[PDB]
Chemist: 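Mind looking over this structure? Questions follow.
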Amino acid sequence: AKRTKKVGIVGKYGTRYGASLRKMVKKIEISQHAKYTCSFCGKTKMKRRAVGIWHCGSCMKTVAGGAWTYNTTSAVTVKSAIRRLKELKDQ
Amino acid sequence: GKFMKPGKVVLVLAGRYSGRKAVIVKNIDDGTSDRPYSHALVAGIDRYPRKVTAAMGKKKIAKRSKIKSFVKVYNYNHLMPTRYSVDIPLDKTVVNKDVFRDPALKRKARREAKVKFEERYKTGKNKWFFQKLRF
Amino acid sequence: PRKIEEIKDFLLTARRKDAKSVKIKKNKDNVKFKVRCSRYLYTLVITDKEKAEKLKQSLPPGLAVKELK
Amino acid sequence: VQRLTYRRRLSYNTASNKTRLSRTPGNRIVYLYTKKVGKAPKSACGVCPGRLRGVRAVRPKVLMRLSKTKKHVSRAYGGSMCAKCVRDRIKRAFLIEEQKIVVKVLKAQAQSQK
RNA sequence: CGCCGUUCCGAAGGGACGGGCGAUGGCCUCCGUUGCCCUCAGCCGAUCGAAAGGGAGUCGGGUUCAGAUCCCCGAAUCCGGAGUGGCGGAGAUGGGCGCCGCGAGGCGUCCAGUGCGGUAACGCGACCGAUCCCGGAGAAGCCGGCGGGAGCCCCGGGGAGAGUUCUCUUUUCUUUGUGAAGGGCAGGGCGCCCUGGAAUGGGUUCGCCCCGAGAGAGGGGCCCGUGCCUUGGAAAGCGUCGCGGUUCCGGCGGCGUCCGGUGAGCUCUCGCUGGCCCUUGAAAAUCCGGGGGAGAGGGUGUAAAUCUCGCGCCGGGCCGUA
RNA sequence: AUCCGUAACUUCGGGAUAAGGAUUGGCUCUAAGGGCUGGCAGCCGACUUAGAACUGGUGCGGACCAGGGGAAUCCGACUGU
Ligand SMILES: [Mg+2]
Ligand SMILES: [Mg+2]
Ligand SMILES: [Mg+2]
Ligand SMILES: [Mg+2]
Ligand SMILES: [Mg+2]
Ligand SMILES: [Mg+2]
Ligand SMILES: [Mg+2]
Ligand SMILES: [Mg+2]
Ligand SMILES: [Mg+2]
Ligand SMILES: [Mg+2]
Ligand SMILES: [Mg+2]
Ligand SMILES: [Mg+2]
Ligand SMILES: [Mg+2]
Ligand SMILES: [Zn+2]
Ligand SMILES: [Zn+2]
């Protein structure tokens with residue numbers, strides 16, 4: 001059955017810290033504990049070892065990722081930007 | 001098509017002789033009752049001849065040119081096939097699968113390969129075959 | 001302690017220059033021959049009484065032999 | 001029931017003060033001090049999580065009095081690298097060395113035309 | 001007076017396989033030693049800092065008025081040393097050719113021989129090798145769940161001694177061993193191998209979780225085995241009954257030390273798997289493997305260099321300990 | 001402890017053991033919940049739960065252990081010092 005109506009994972013904190021902070025941290029708690037698909041092997045095993053460090057239990061490949069998400073929007077934008085400049089550097 | 005044929009140079013991947021180079025003598029792609037899997041009889045170099053240079057005497061060169069060979073039957077999965085071939089004529093009356101019944105025949109099978117390898121080594125042909133893979 | 005299985009090896013043990021004494025212990029089921037060498041106490045367990053008597057009379061000379069009671 | 005005491009002056013439950021119970025010929029329970037648990041070697045590949053096989057799992061200074069056969073495996077890198085990653089280096093070393101010849105031949109062949 | 005500073009403004013190495021020159025020696029044969037030279041050389045920080053951290057290796061029984069894992073008895077082990085450091089085993093005793101014979105085998109020659117087994121995981125008693133390089137161990141938090149093994153508790157019976165017995169109680173109580181180290185085997189674990197190719201997806205846990213990057217199913221391999229058997233070792237210890245003696249004897253004898261069950265039980269321990277961290281949970285001494293192949297070893301033998309194999313030989317000083 | 005029942009308010013997590021009731025002994029039974037071996041038969045077994053009769057001068061969580069509760073106001077969010 002559905003046990004909570006809205007708190008979800010942040011139900012571990014009971015009534016403490018205020019609704020808005022619990023609401024805000026709920027997005028991170030889900031993301032930082034999710035298992036992401038590993039781009040190197042495909043098994044849904046990529047898990048966070050520490051803040052910024054993401055490890056896959058299948059192929060053992062460790063990746064420097066985001067604090068709470070596997071890759072950040074800023075980092076993904078920079079990779080495309082660095083790709084384009086490289087092409088326009090060597091044509 | 002099929003390429004695991006006699007004369008093919010292969011790299012042993014697993015076992016005591018892993019990383020050594022051998023040459024397929026007999027290949028059985030369908031197996032037998034004793035070996036349901038596909039396998040080959042290969043003869044290879046247990047110990048490679050040491051590097052020689054003009055600075056050494058004849059006695060030193062001969063000492064460093066000896067080869068320790070081995071005879072084995074291998075699963076195809078344990079051999080990496082290369083594109084090199086070595087056409088050393090090995091007497092199949094002594095280099096065959098019956099050499100594994102007793103050591104006396106196996107000693108004469110490894111002896112036969114040792115003499116043929118050394119003779120072909122000193123001609124300077126098949127240099128890649130007699131150089132140890134560095135891994 | 002080491003356990004010897006065959007009379008052939010025990011006799012070799014008892015002839016070692018560092019073998020000191022042989023104690024014979026008679027139990028209800030077996031006869032045990034123990035030789036005190038330098039490192040180990042080797043033991044031979046013989047279940048046949050006749051062989052135990054035969055082995056007893058065929059020990060090397062000069063070795064102290066003791067019967068335990 | 002019988003209650004136990006340490007047999008040494010270290011009265012604390014430290015990592016070097018672990019014990020196990022032992023009944024003796026005198027028919028009493030005493031403490032025997034256990035040796036630490038040894039660890040088998042970890043593969044030099046740094047990738048495989050498991051430890052190696054064919055090697056005694058003993059404390060580092062106990063390897064001094066073991067024979068060689070107990071400390072390695074009959075194979076290249078045996079006792080220092082796992083078989084799985086040894087197969088991979090032979091292929092990698094061979095396959096990479098071949099690509100150099102392929103690249104080199106084209107370089108000379110392209111230069112030949114040039 | 002001194003202080004700051006600990007690698008920072010320093011010519012910070014007194015070492016080494018090997019080679020070359022001499023001086024000496026001894027089992028004077030040939031091997032040592034020594035001095036100089038050649039060659040090679042990161043560690044980059046003197047030293048101190050833990051009787052709870054790291055750190056090889058000792059357990060059982062007896063013994064005193066008071067000490068014992070220290071004394072005695074018994075059984076082991078680590079480390080260091082010996083090459084006048086001994087023996088065995090390994091390296092290592094093969095093949096071709098030609099003569100002798102019926103053969104077994106034997107002579108003369110010419111070649112090989114720094115071991116071998118398994119498809120593999122890996123196994124076998126050793127199984128050469130330096131400077132140099134790579135790695136492993138030491139060496140890693142907290143919490144949960146689950147499982148294996150022990151000690152203990154509990155249940156059913158056999159013994160031996162004791163209590164109760166006015167009535168009842170085949171009753172109640174006590175007690176009913178086996179060390180380290182070696183060998184063998186259960187058991188537990190494996191992210192180890194081989195065959196094979198899986199959807200009508202299957203396997204699977206309390207939860208999970210796992211699979212074409214190879215699942216199920218077969219057959220193997222390895223690690224720990226603190227559990228049981230065995231050598232130890234019944235000779236000892238203990239229970240009970242009975243005899244002696246100086247009677248302050250490790251005194252002497254009889255019998256016994258047996259057979260099963262069970263558990264979200266408690267304590268310890270090993271292992272598997274998970275959760276938590278904007279927290280990620282020592283270092284070093286010290287030990288080991290691997291890569292390489294500079295070198296050395298003998299010419300077919302009374303074989304050599306060599307050996308992390310099995311035995312054998314010698315030693316372990318100082319301080320604490322009631 | 002078992003069974004039932006539980007409001008305002010709320011940051012929907014709580015409030016909450018809210019509040020409020022009933023039951024509880026002893027004894028004799030019934031039913032269900034497993035393992036081993038060769039939809040069945042045999043032999044093992046370990047504690048639980050529920051139900052019923054009977055029963056005592058209504059006494060039964062019999063000692064021990066063991067929250068009183070509700071409606072509000074002020075202050076500080078909380079745990080911590
Ligand atoms: Mg091994
Ligand atoms: Mg110090
Ligand atoms: Mg200390
Ligand atoms: Mg300490
Ligand atoms: Mg002693
Ligand atoms: Mg499978
Ligand atoms: Mg035991
Ligand atoms: Mg007795
Ligand atoms: Mg090597
Ligand atoms: Mg004291
Ligand atoms: Mg209230
Ligand atoms: Mg406050
Ligand atoms: Mg304070
Ligand atoms: Zn991956
Ligand atoms: Zn690996």
Side-chain angles (χ1 to χ4, degrees), chain A residues 4-7 10-11 13-20 22 41-43 49-51 58-59 67, chain B residues 14-16 35-37 39 50 66 72-75 77-78 103 107-108 111 114-115, chain C residues 1-4 16-18 23 25 27 32 37-43 45 68-69, chain D residues 1-2 7-30 32 34 37-44 46 48-84:
Chain A
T4 63
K5 182 168 173 180
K6 53 173 78 179
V7 286
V10 296
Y13 295 121
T15 74
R16 311 179 274 286
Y17 317 130
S20 295
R22 282 189 279 102
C41 74
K43 295 174 183 177
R49 171 176 288 157
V51 66
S58 297
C59 50
Chain B
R16 189 147 57 91
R35 288 186 198 284
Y37 48 84
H39 57 291
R50 293 202 197 193
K66 291 153 178 209
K72 282 277 288 198
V73 169
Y74 275 119
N75 192 343
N77 292 312
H78 298 143
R107 271 188 279 113
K108 295 186 79 154
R111 173 66 165 164
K114 174 194 216 300
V115 177
Chain C
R2 293 277 172 283
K3 191 187 170 190
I4 305 181
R16 279 160 55 163
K17 294 199 162 188
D18 63 299
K23 290 164 173 177
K25 174 67 177 77
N27 295 315
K32 287 184 181 167
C37 282
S38 163
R39 196 164 171 183
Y40 303 116
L41 177 77
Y42 300 90
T43 307
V45 194
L68 299 165
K69 218 216 81 178
Chain D
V1 312
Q2 193 214 303
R7 309 173 65 169
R8 299 169 185 190
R9 284 191 197 282
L10 181 36
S11 54
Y12 301 112
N13 195 36
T14 74
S16 86
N17 200 41
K18 305 308 197 168
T19 52
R20 67 182 179 84
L21 303 192
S22 182
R23 193 179 274 95
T24 84
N27 199 22
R28 61 201 181 99
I29 309 293
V30 288
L32 280 182
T34 51
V37 168
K39 287 206 192 66
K42 213 213 297 287
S43 177
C48 293
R51 298 178 167 285
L52 304 184
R53 296 141 289 271
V55 181
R56 290 290 310 284
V58 292
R59 303 300 293 179
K61 289 163 70 170
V62 179
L63 297 163
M64 187 147 72
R65 58 175 181 263
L66 298 188
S67 71
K68 204 168 204 162
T69 300
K70 294 166 166 75
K71 299 187 270 194
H72 71 176
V73 178
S74 295
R75 171 185 61 238
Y77 297 83
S80 174
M81 201 96 59
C82 43
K84 203 171 294 163

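Chain letters run A, B, ... following the sequence lines, proteins first and then strands; every chain starts at 1. No hydrogens, no waters, no symmetry mates; every other heavy atom, side chains included, goes into these values.
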Chemist: Rounded to whole angstrom units, what separation is found between the CZ atom of D:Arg59 and the P atom of E:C223?
Modeler: 18 Å

Chemist: Planes under 30° and centres closer than 5.5 Å, is that true for D:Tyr12 with the base of E:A52?
Modeler: yes

Chemist: For E:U29, give its Watson-Crick or G-U wobble partner with both distances under 3.5 Å, or none.
Modeler: none

Chemist: Could you identify the nucleotide paired to E:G227, looking across every strand shown and requiring Watson-Crick or G-U wobble geometry with both distances under 3.5 Å?
Modeler: E:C185

Chemist: Please classify the nucleic acid contact of B:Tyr37 as base, sugar-phosphate, or nothing, using heavy-atom distances under 4.0 Å.
Modeler: base

Chemist: Nearest whole Å is fine: how far is E:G310 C1' from C:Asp18 CG?
Modeler: 13 Å

Chemist: Rounded to whole Å, how long is the line connecting atom CG of C:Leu41 with atom P of E:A75?
Modeler: 6 Å

Chemist: When you measure from the side-chain N and O atoms of A:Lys43 to the phosphate of E:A213, is any distance below 4.0 Å, counting only OP1 and OP2?
Modeler: no

Chemist: Could you give the distance separating E:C194 and E:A213 at their P atoms, to the nearest angstrom?
Modeler: 16 Å

Chemist: Please report, rounded to the nearest Å, how far the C1' atom of E:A120 is from the NZ atom of D:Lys84.
Modeler: 13 Å

Chemist: Across the strands shown, which category fits D:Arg8 at heavy-atom distances under 4.0 angstrom: base, sugar-phosphate, nothing?
Modeler: base

Chemist: In whole angstroms, how far is the P atom of E:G94 from the NZ atom of B:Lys114?
Modeler: 17 Å

Chemist: With heavy atoms under 4.0 Å as the rule, sort A:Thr15 into base, sugar-phosphate or nothing.
Modeler: base

Chemist: Once you apply a heavy-atom cut-off of 4.0 Å, does C:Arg16 come out as touching a base, just sugar-phosphate, or nothing?
Modeler: sugar-phosphate

Chemist: Under a 3.5 Å limit for both distances, which nucleotide forms a Watson-Crick or G-U wobble pair with E:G214, could you say?
Modeler: none

Chemist: Tell me if E:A11 and E:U64 are paired here, counting Watson-Crick or G-U wobble when both donor-acceptor distances sit under 3.5 Å.
Modeler: no

Chemist: For the residue pair A:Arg22 and A:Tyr13, would you count it as a cation-pi contact if the rule is NZ or CZ under 6.0 angstrom from the ring centre and within 45 degrees of the ring axis?
Modeler: no

Chemist: When the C1' atoms of F:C29 and F:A63 are compared, how many Å lie between them, rounded to an integer?
Modeler: 31 Å

Chemist: Considering every strand and a 4.0 Å limit on heavy-atom distances, what is the contact class for D:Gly79: base, sugar-phosphate, or nothing?
Modeler: sugar-phosphate

Chemist: Let me spell it out: for each of D:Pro49 and B:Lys66, pick the nucleotide of RNA chain E with the closest heavy atom. Which residue's pick is nearer the 5' end?
Modeler: B:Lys66

Chemist: Between E:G187 and E:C270, how far apart are the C1' atoms? Round to whole Å, please.
Modeler: 12 Å

Chemist: Does a nitrogen or oxygen in the side chain of C:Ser38 sit under 4.0 Å from OP1 or OP2 of E:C313?
Modeler: yes

Chemist: For D:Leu66 and D:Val62, which heavy atoms make the closest approach, and how far apart are they?
Modeler: CG-O, 3.5 Å

Chemist: Under 3.5 Å for both contacts, Watson-Crick or G-U wobble geometry: does that describe E:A16 with E:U39?
Modeler: yes

Chemist: Can you find a side chain N or O atom of D:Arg51 that sits less than 4.0 Å from OP1 or OP2 on E:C222?
Modeler: no

Chemist: D:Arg53 CZ to E:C192 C1': how many Å, rounded?
Modeler: 5 Å

Chemist: Tell me: CZ of A:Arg16 to P of F:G15, nearest whole Å?
Modeler: 11 Å

Chemist: Is F:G62 in the syn range, within 90° of 0, or in the anti range?
Modeler: syn

Chemist: Reckon B:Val115 touches a base, only the sugar-phosphate, or nothing at all at heavy-atom distances under 4.0 Å?
Modeler: nothing

Chemist: Test if E:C78 is paired with E:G233, treating Watson-Crick and G-U wobble as valid and requiring both distances under 3.5 Å.
Modeler: no

Chemist: Write down the distance between CZ (C:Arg2) and P (E:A76), rounded to a whole number of angstrom.
Modeler: 8 Å

Chemist: Would E:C249 and E:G244 count as a Watson-Crick or G-U wobble pair, both distances under 3.5 angstrom?
Modeler: yes

Chemist: Quick one: label A:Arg49 by what it contacts on the DNA or RNA (base, sugar-phosphate, nothing), any heavy atom closer than 4.0 Å.
Modeler: base

Chemist: Base, sugar-phosphate, or nothing for B:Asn75, non-hydrogen atoms under 4.0 angstrom?
Modeler: base

Chemist: So for D:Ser80, when I measure from side-chain heavy atoms to the major- and minor-groove base atoms with a cutoff under 5.0 Å, which groove comes out?
Modeler: minor

Chemist: Counting only Watson-Crick or G-U wobble pairs whose two distances fall under 3.5 Å, which nucleotide matches E:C238?
Modeler: E:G256

Chemist: Just call it for D:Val55: base, sugar-phosphate, or nothing, with non-hydrogen atoms closer than 4.0 Å on any strand.
Modeler: sugar-phosphate

Chemist: Looking for any heavy atom pair under 4.0 Å, which part of the strands does D:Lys68 touch: base, sugar-phosphate only, or nothing?
Modeler: base

Chemist: With rounding to the closest Å, how many angstrom separate the P atoms on E:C228 and E:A51?
Modeler: 38 Å

Chemist: Examine E:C79 and E:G10 and say if both key distances are under 3.5 Å for a Watson-Crick or a G-U wobble pair.
Modeler: no

Chemist: Should E:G62 and E:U63 be reported as a stacked step, that is, with six-membered ring centres less than 5.5 angstrom apart and planes less than 30° apart?
Modeler: yes

Chemist: Answer with base, sugar-phosphate or nothing: what part of the nucleic acid does D:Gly50 contact at a heavy-atom distance below 4.0 Å?
Modeler: sugar-phosphate

Chemist: Any strand counts, and the cut-off is 3.5 Å on both contacts for Watson-Crick or G-U wobble. Which nucleotide pairs with F:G80?
Modeler: none

Chemist: Report yes or no: do E:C173 and E:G161 constitute a Watson-Crick or wobble pair with both atom distances shorter than 3.5 Å?
Modeler: yes

Chemist: Does D:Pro25 reach a base, just sugar-phosphate, or nothing at all? Heavy atoms under 4.0 Å.
Modeler: base

Chemist: Are B:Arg50 and E:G293 close enough that a side-chain N or O sits under 4.0 Å from OP1 or OP2?
Modeler: no

Chemist: How long is the span from the CZ atom in D:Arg75 to the CZ atom in B:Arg16, to the nearest 0.5 Å?
Modeler: 12.0 Å

Chemist: With both distances under 3.5 angstrom, what nucleotide forms a Watson-Crick or G-U wobble pair with E:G147?
Modeler: E:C270

Chemist: Using a heavy-atom cut-off of under 4.0 Å over every strand shown, decide if D:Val73 touches base, sugar-phosphate, or nothing.
Modeler: base

Chemist: Let me know, please, whether D:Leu10 or C:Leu68 comes out on the 5' side of the other along RNA chain E by nearest nucleotide.
Modeler: D:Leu10

Chemist: Is E:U24 paired with E:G32, either Watson-Crick or G-U wobble, both distances below 3.5 Å?
Modeler: yes

Chemist: If you look at every strand shown and take non-hydrogen atoms under 4.0 Å, does C:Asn27 touch a base, only sugar-phosphate, or nothing?
Modeler: sugar-phosphate

Chemist: Taking the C1' atom in each of E:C152 and E:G250, what is the distance between them to the nearest angstrom?
Modeler: 33 Å

Chemist: So, does the side chain of D:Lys71 form a donor-acceptor pair with the base of E:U308 at under 3.5 Å?
Modeler: yes

